[PDB]
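Undergrad: Dropping in the first section of the assembly, placed as in the complex:
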Amino acid sequence: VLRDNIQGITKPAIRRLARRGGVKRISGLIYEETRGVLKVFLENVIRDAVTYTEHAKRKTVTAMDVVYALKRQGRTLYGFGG
Amino acid sequence: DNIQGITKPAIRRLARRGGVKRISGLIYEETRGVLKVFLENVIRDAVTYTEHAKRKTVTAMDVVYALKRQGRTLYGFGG
Amino acid sequence: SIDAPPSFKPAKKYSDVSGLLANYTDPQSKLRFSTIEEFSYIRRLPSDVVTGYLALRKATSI
Amino acid sequence: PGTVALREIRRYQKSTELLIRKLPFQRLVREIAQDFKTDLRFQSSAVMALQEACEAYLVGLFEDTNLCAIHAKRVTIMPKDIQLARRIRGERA
Amino acid sequence: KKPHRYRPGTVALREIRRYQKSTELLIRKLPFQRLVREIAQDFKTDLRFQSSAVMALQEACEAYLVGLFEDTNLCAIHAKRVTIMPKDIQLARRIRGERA
Amino acid sequence: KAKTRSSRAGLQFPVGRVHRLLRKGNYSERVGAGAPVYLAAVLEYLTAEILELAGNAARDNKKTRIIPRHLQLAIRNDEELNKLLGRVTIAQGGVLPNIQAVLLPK
């Protein structure tokens, strides 16, 4: 199957991320726009990871292809290697 | 005196190029502080490049390299 | 094989800036100094001559 | 009301775990990717590296949004605040 | 011409439409051209400047201030002011990663 | 008899200079001869693409010669150029004619 699985982002997870960010009260307007903003971030990271994977001729995305996307986006990550 | 060479009407002019309608009277000197620390952070890297290059005139390349490193780059000075 | 041994007694501290005997060494500049007016003098030197004096005794800078 | 929300903030800032559920996010990654290319495979760690970066990006967004909201004195947050945070940090316009 | 003395806080817009249009650098050259030397000499004395280097500094710095002010305009408008006030700059300079 | 790689690629930009730079810029130990063709074509295209807007901006702003204003106008209106030039600024370039609408008198 295929779907708009951004509605897999359950509302308590958005509340918890916001509460980890220390914001105390979260209006009903936040949630669906925040799903959009998260999706827009994933789209670029995935676009880039898919292109690092296309040079390697792979179908299989690794943690490296995303770490390289995160390098070109200037949001680098330590722990997965790279 | 030298830092006050960022004139009180220059703050208003720059903020008016920046589109702002009105300036609170406290903005000015702390904004000279922001311009000072920004100038200082780029000038010190430019001098750091110039010292490796043995020279002691600060070149347009020395400051272009500092601005390029700090992601505040400019074009028109021969990048 | 003709190189003489390393010394058997420890080296004296002569003050870097004046050669007078140095009861003291500065925590900052790491030079050896003898008197209060020498301490007043060394804290007015540029870093270049400080590393110069240290290098002249093969100490902690190049 | 509103006292236990401070205890939630303390609890989630003391803990270090993933706040989104793994399986829904694992589908989200694949479901987005399937129109950048056909039929992407993902290594098991890759979905986690994606999720870590996304949750870190969201925590940083909420942190910057907190400063937006509390600048406007309101303790409650709205899109009205996030649309400053993106525009001023630099991802939009 | 015709609006003349119209509504204080609107010759402000007559100023925006001058400075947004034009190529000028809004700090006077000579005061800044001394100040850059004073900023440099603390780290290394007896420095010169290329006559282009001071201009490259001015143009990057005025662009940095202009961008900061326009982001600060959004900080004021978000708080429902048209007056920029110090806390607006503090928000911008924290969120852009310059003060935290 | 001899002729340039640019003439064979259909390029105005000097492909041999680009190949010389692809060596000396420390990017890798070796460089495929079509790499500078493809890259010079991209450089030339990006230059043609921006200067088409600069020429139209100069013409609409009633000037025969392109200046840093017409470049800034070309750069900041097209969001793909603006997003490519996000971490750079233009010598005496000014900014777009754009007003925050909340600031209008009512």
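TA: Structure received. Numbers count the residues shown, from 1 in each chain, chains lettered A, B, ... in the order given.

Undergrad: Which residues in stretch D:73-93 does the neighbour count mark as buried?
TA: Neighbour counts using 16 or more other Cβ atoms under 10 Å in any protein chain shown place D:77-79, D:81-86, D:88-89, D:91 of stretch D:73-93 among the buried residues. Bear in mind the C-beta positions are built from the backbone N, C-alpha and C, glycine included.

Undergrad: Against which helices or strands is the lengthiest helix in chain C packed?
TA: Longest helix in chain C by number of residues, with DSSP state H as the criterion: helix C:47-55. Applying 3 or more Cβ pairs under 8 Å, 6 or more residues apart in numbering or on different chains; DSSP states H and E, we find helix C:47-55 packed against no helix or strand.

Undergrad: which bits of chain F sit near chain D?
TA: residue F:86 (Cβ under 8 Å from any Cβ of the partner chain).

Undergrad: Taking chain F, what residue is nearest to chain B?
TA: residue F:91 (2.6 Å; Cβ to the nearest Cβ).

Undergrad: Distance of that residue relative to residue B:13?
TA: 19 Å (Cβ to Cβ, to the nearest Å).

Undergrad: For whichever residue of chain A sits closest to chain E, what are phi and psi?
TA: Scanning chain A for proximity to chain E using Cβ to the nearest Cβ identifies residue A:74 as nearest, at 10.7 Å. Main-chain dihedrals, residue A:74, degrees, to the nearest 10: phi 70, psi 30.

Undergrad: so how far is the longest helix of chain C from its chain's centroid?
TA: Taking Cα atoms, centre = their mean, to the nearest Å, one finds helix C:47-55 lying 9 Å from the centre of the chain it belongs to.

Undergrad: same thing with stretch D:71-78?
TA: Relative to its parent chain, stretch D:71-78 has a centroid offset of 18 Å by Cα atoms, centre = their mean.

Undergrad: let's put chain G on the structure above:
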Amino acid sequence: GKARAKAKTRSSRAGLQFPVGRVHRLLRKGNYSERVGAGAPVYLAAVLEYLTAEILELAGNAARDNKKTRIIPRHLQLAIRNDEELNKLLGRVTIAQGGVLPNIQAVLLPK
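TA: Following on from the chains above, chain G is added here:
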């Protein structure tokens, strides 16, 4: 003849622990310049080794203060975000599964 048995490392001759020979190996094969100085990798190894010593000391203090002695990504994140110098060096990076430094705004605290 033949090359020297148990020939001393560049690292242990320098008094360093990091692999100075590998630093030279990686500077040269990493294509950063077509020629590379012999003391360049000594200096680089010493800086990487110093940063490693400092960041791990602060992480070990974070572990001790957390009532632990095995470093986990949390202790590194706590060290890196308590220290302003590491924080401003490490602004463009995420410590995976280290979480975030605990912080309540003054407006959200009691009364």
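
Undergrad: please look at the buried residues of stretch D:73-93 again, because chain G has been put in.
TA: For stretch D:73-93, the neighbour count (16+ other Cβ under 10 Å) marks D:75, D:77-79, D:81-86, D:88-89, D:91 as buried.

Undergrad: and of these, the nearest to chain G?
TA: The closest of the buried residues of stretch D:73-93, once distances to chain G are taken by Cβ to the nearest Cβ, is residue D:75, at 6.6 Å.

Undergrad: in chain C, which spans are strands?
TA: All strands of chain C, identified by DSSP state E, fall at C:24-25, C:32-33.

Undergrad: Return the most buried member of those.
TA: With neighbours defined as mean count of other Cβ atoms under 10 Å in any protein chain shown, the strands of chain C peak in mean count at strand C:32-33, which reaches a mean of 24.

Undergrad: Please name the strands paired to it in the sheet, noting orientation.
TA: strand C:24-25 (antiparallel) (DSSP bridges).

Undergrad: residues making contact with the strand it pairs with?
TA: By Cβ atoms under 8 Å, 6 or more residues apart in numbering or on different chains, the residues outside strand C:24-25 that reach it are C:13, C:31-34, C:39.

Undergrad: mind giving me JSON lines with these and columns for distance to residue F:37?
TA: Below are the contacts of strand C:24-25 laid out as JSON lines (distance: Cβ to Cβ, whole Å):
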{"residue": "C:13", "distance to residue F:37": "70"}
{"residue": "C:31", "distance to residue F:37": "62"}
{"residue": "C:32", "distance to residue F:37": "67"}
{"residue": "C:33", "distance to residue F:37": "68"}
{"residue": "C:34", "distance to residue F:37": "73"}
{"residue": "C:39", "distance to residue F:37": "69"}
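
Undergrad: Can you tell me the centre-most residue of the chain?
TA: I'll assume chain A. Geometric centre of chain A, nearest residue: residue A:42, 3.7 Å, by Cα atoms, centre = their mean.

Undergrad: that's the wrong chain, I meant chain F
TA: Chain F, centroid-nearest residue using Cα atoms, centre = their mean: residue F:47 at 3.6 Å.

Undergrad: add one more, call it chain H:
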Amino acid sequence: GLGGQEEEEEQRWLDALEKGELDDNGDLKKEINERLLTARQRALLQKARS
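TA: Chain H, in position alongside the others:
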């Protein structure tokens, strides 16, 4: 004086500042011309107009 060749649009832009007829970023409203567009802008519009 002769500066009217550059002042007149600003004179109109002030008349429109009184009238409130300005566009979404405060310009005088103007006719869109597609002869100014690049093949990439034409492609972006083709990809939007469906």
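
Undergrad: What about the buried residues of stretch D:73-93 again, now that chain H is present?
TA: Of all the residues in stretch D:73-93, those buried under the rule 16+ other Cβ under 10 Å are D:75, D:77-79, D:81-86, D:88-89, D:91.

Undergrad: Please apply the same query to stretch D:42-53.
TA: Residues of stretch D:42-53 classed as buried by neighbour count (16+ other Cβ under 10 Å): D:42-43, D:46-53.

Undergrad: Out of those residues, flag the one nearest to chain E.
TA: Closest approach between these and chain E, by Cβ to the nearest Cβ: residue D:53, at 17.3 Å.

Undergrad: quick one: is the strand or helix carrying the closest one near chain B?
TA: If you go by DSSP states H and E, residue D:53 is part of helix D:44-71. No: in terms of Cβ under 8 Å from any Cβ, no part of helix D:44-71 sits within range of chain B; the closest distance is 15.0 Å.

Undergrad: Around residue A:30, how many other residues sit close by?
TA: Residue A:30: 25 surrounding residues under other Cβ atoms under 10 Å in any protein chain shown.

Undergrad: can you pull the contacts of it?
TA: Listed by Cβ under 8 Å, 6+ apart, the contact partners of residue A:30 are A:14, A:18, D:77-79, D:82.

Undergrad: okay, those residues in CSV with distance to chain G next?
TA: Output for the contacts of residue A:30, formatted as CSV (distance: Cβ to the nearest Cβ, whole Å):
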residue, distance to chain G
A:14, 16
A:18, 12
D:77, 12
D:78, 17
D:79, 20
D:82, 17
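
Undergrad: Nearest to chain B among the residues you listed?
TA: Nearest to chain B out of those is residue D:82 (Cβ to the nearest Cβ; 21.9 Å).

Undergrad: near chain F, anything from the one helix or strand the closest one maps to?
TA: Element membership for residue D:82, per DSSP H and E: helix D:79-89. No: Helix D:79-89 is not in contact with chain F by Cβ under 8 Å from any Cβ; minimum separation 11.7 Å.
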